Chemist: 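Please find one structure pasted underneath; my questions will follow.
Letters go in sequence order (proteins before strands), and every chain restarts at 1. The basis for the numbers below is simple: all heavy atoms, side chains too, and nothing from hydrogens, waters or symmetry mates. First listed ligand is number 1; within each ligand, the first listed atom is number 1.
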Amino acid sequence: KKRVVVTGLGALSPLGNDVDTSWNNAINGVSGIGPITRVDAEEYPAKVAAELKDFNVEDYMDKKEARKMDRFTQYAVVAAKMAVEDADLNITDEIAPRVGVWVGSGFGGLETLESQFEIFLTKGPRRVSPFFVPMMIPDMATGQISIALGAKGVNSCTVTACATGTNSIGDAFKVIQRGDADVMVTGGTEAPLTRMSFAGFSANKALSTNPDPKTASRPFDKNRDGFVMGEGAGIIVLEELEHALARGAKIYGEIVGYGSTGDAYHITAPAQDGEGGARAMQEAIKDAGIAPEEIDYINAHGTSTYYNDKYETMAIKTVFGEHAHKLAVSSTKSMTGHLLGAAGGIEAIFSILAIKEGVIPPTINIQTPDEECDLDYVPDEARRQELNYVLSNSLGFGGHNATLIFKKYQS
Amino acid sequence: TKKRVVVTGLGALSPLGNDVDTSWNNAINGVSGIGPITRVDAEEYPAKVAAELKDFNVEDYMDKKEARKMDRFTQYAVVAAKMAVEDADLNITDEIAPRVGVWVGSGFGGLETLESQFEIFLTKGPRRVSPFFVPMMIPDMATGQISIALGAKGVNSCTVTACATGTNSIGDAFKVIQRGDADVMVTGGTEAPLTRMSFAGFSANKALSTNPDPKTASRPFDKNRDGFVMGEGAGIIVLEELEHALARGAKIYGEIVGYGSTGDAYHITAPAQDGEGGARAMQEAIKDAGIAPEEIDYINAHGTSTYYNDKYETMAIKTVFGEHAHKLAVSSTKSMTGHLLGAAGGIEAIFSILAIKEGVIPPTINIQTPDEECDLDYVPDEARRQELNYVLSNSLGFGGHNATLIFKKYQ
Ligand SMILES: [Cl-]
Ligand SMILES: [K+]
Ligand SMILES: [K+]
Ligand SMILES: [K+]
């Protein structure tokens, strides 16, 4: 099995238009949640969202190129280019067939579908854009990243709702472990702030209807009432260890475990007691070849829904036993909102940086303790601590449980 | 870990029949599944033909109340997955549920549901959007509903890679079992792309054939080919670790031995010059199988009936196989089924597996005018009875997604 290390990071999030800004805001407990501006909030019971601020795609590419990309693809291309530049990786003709791309999205180009369907209704099918299909489909983030980078290796796109970013990174990790690529540009992207996405997640009451941006996203709080929707992309460069060392790459950490399970229960409701999530964490722990007590910090899925936070806490207790009260847990969705398909990507970046910088980001907004959510959620303030192992969960709608384990890099 | 992986069950819905036996017997008899479009009114579109399911009434498989909560792409996936598990005679007992996973992809997911729910949003407002809209529309719902129906609690995912979807999904499921992470995987592809926006979109970028004659519309490798004919359905197989299949007395159709994945990194929709990416995917699959190229007896081509796919796929076969390119047999079953998009790789994996099990190569129908650039042996018009040892199946998808599988006769 090959060892796989993290050599580059790239991100766009409601906390900043690069990794450094996003991470610095996360470690200082800054909220990225504000009033909805992308759509007319009057039409929905949800009133807040976590949007990108001050993002001008034309700062990264020509207007003609950006006009042929839905926002989810624009975020993926920008974050992937940022990650490859951070990695100082030169994708030459010689290495191109060994550099792959595995970036997922939960929804793909929903904004493009909506605008093009309105054109179909008013102008007819003969006025639908020739670019409609490639712009909408979720695999276009990987497709456009591959063209932008000249990456000709293993190529895919995972679509698993909230688990998308975590599954994509895990799948890319497995490609490198088995020797099928030397480098993988991987993660998740999402631009879900659209009319249908707000209508859909309001119709099934998943979104918080709390109009106060100061308290809307409050994972583990007794008064939590649903998630706050966010947007962005989190992309990392995974690389085979010997390949990284030979080119003098900087190494942030090592990816060592990946677990994937299904609840086989319900289309949207998480399984009772978090049994599926517990099994995914146990599979990742076994994959890493460690004891559960070796985990220092869990970057929780922690979406601020009643059932997720309760069941994820139960799953942590099942897996860790007495150690559940010794490790630190935090939900960075308290600050970023739920980035859906990009959540696992941004959270893998925060998990990797927590190890590299020795800082645990906090869960903000816990004002009322919930007796069912009684672990150490690192409330309010970041904690400076040397970390050896970090576990990140994505317990997605539809029963998709995905877990990654990261380790401090040791020669 | 390198476990052997065998095929123990097949399930399908295609324009050639509502089960595997009917679809297979029609394919080996050169029966065309193409006719006039009935799903949408084709008067306003330039494409006039399609390959639809015949006499498929979902109420024959489930209650109307259950069907109403599933988009057609999920109905096809659940029906084909249940037929595959019944064919495999697999009882997912308690100790086996966490070792049985699902990896089924779709290129578009619930596009019909998205169009109808957005039209409701526009005309009636967001309160009329169904609470089931989001789960019904997302492509990962095929895996999600199959997992619930079967009680499969193991590794689960959904790949979305346009035309390569079904082939990537099976390859990825094969890798899960090969590395020891599941004992059984229910995998393949599903698609219900006969919708207003899909026809409008593939007409707008001229990918579809505008040929109104169903007798000649899909004619892969013919000099007069002019685009693909859209189809629908699902192709699902049961992959199983060998020792497990033997312990439960499973019937074995064949073995999956190689999988290759590459990216063209060229253009959003246009295939790379001379099929270079496709050649690299075939070479990666051959290398993965540990065989010489001369060991391939039959190639189930991607062969979509577009000018550039068929020309470049022929060039890629010559690059990989050299003189052996004129010795092996090649055929495109899309000459009969049309292009099933995300389900193409699933149905084509079933036809590749059955070609080995039954020792019959299905033909390419409708070649009336030889093309000097497409001069390989396309098994024209009539099926060929032949003992096969290795079969290669390609999916060279829009967006530069190249995927190849290699199947082997099981002793
Ligand atoms: Cl055409
Ligand atoms: K709510
Ligand atoms: K997480
Ligand atoms: K094929």
Side-chain angles (χ1 to χ4, degrees), chain A residues 44-47 162-163 165-166 169 188 201-210 216 219 223-229 234 277 280-281 284 297-308 312 329-334 336 338-339 342-352 354 361 363 390-396 401-406, chain B residues 131 163-164 166-167 170 189 220 235 278 281-282 298-304 309 313 330-335 337 339-340 343-353 355 362 364 391-397 402-407:
Chain A
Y44 309 95
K47 306 294 187 192
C162 329
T166 302
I169 291 166
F201 287 119
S202 288
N204 70 0
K205 302 173 60 54
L207 297 173
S208 173
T209 60
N210 183 349
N223 298 316
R224 67 195 187 274
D225 75 321
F227 76 89
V228 172
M229 197 143 32
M281 289 189 277
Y297 165 55
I298 293 173
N299 183 277
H301 183 51
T303 55
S304 206
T305 68
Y306 175 69
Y307 285 114
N308 177 76
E312 189 171 12
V329 180
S330 80
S331 173
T332 51
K333 291 192 177 61
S334 61
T336 63
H338 186 1
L339 268 67
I346 295 285
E347 293 156 18
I349 291 172
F350 293 164
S351 295
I352 288 157
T363 308
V390 174
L391 180 151
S392 177
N393 287 328
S394 295
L395 310 177
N401 305 307
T403 300
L404 292 168
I405 297 173
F406 299 96
Chain B
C163 328
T167 301
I170 291 166
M282 289 189 276
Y298 164 55
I299 294 172
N300 183 277
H302 184 50
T304 56
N309 175 78
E313 192 172 9
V330 180
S331 82
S332 172
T333 50
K334 290 192 177 60
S335 62
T337 63
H339 185 1
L340 268 67
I347 299 281
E348 293 156 19
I350 291 171
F351 292 162
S352 294
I353 288 157
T364 307
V391 174
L392 180 151
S393 177
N394 287 328
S395 296
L396 310 177
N402 306 305
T404 300
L405 291 168
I406 297 174
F407 299 96

Chemist: Provide the closest heavy-atom pair for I170(B) versus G346(B) in the form atom of the first, atom of the second, distance.
Modeler: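 Between these two residues, the closest heavy atoms are CD1-CA, 4.1 Å.
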Chemist: Are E347(A) and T332(A) side-chain neighbours, meaning at least one heavy-atom pair lies under 4.5 Å?
Modeler: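 Counting from C-beta outward, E347(A) and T332(A) do come under 4.5 Å.
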Chemist: Backbone N or O of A206(A) within a donor-acceptor pair of the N204(A) side chain at under 3.5 Å?
Modeler: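 Yes; judged by distance alone, with no hydrogens or angles, the pair exists.
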Chemist: Quick one: side chain to side chain contact (heavy atoms under 4.5 Å, CB included) partners of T304(B), sequence neighbours excluded?
Modeler: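 Side chain to side chain contact (heavy atoms under 4.5 Å, CB included) list for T304(B), sorted by chain: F228(B), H302(B), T306(B), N309(B), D310(B), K334(B), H339(B).
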Chemist: Does any N or O in the side chain of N300(B) come within less than 3.5 Å of the main-chain N or O of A349(B), such that one atom is a donor and the other an acceptor?
Modeler: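 No, because the side chain of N300(B) does not come within donor-acceptor range (under 3.5 Å) of the backbone of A349(B).
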Chemist: Counting N and O atoms only, with roles assigned by atom type, does the side chain of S330(A) sit under 3.5 Å from a partner on the main chain of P361(A), one being a donor and the other an acceptor?
Modeler: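 Yes: the side chain of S330(A) pairs with the backbone of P361(A).
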Chemist: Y306(A): what forms a ring pair (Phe, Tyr, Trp, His ring centres under 6.0 Å) with it, not counting sequence neighbours?
Modeler: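 If we apply the ring pair (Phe, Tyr, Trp, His ring centres under 6.0 Å) test to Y306(A), skipping adjacent residues, there are no hits.
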Chemist: Has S332(B) got a side-chain atom pairing as donor or acceptor with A301(B)'s backbone, closer than 3.5 angstrom?
Modeler: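 The answer is no, because no donor-acceptor pair under 3.5 Å joins these two groups.
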Chemist: May I have the step-by-step check of side-chain contact (heavy atoms from CB on, under 4.5 Å) for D225(A) and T209(A), ending in yes or no?
Modeler: CA-CA 7 Å; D225(A) 75 321; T209(A) 60; 3.7 Å; yes
Chemist: Run through the protein N/O/S atoms less than 3.4 Å from the K ion (ligand 4) and write them out by chain and number.
Modeler: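 Per the 3.4 Å query on the K ion (ligand 4), atoms found are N300(B) O, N300(B) OD1, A301(B) O, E348(B) OE1, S393(B) OG, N394(B) O.
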Chemist: Counting no waters, how many protein N/O/S atoms sit under 3.4 Å from the K ion (ligand 2)?
Modeler: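 The number of such protein atoms is 3.
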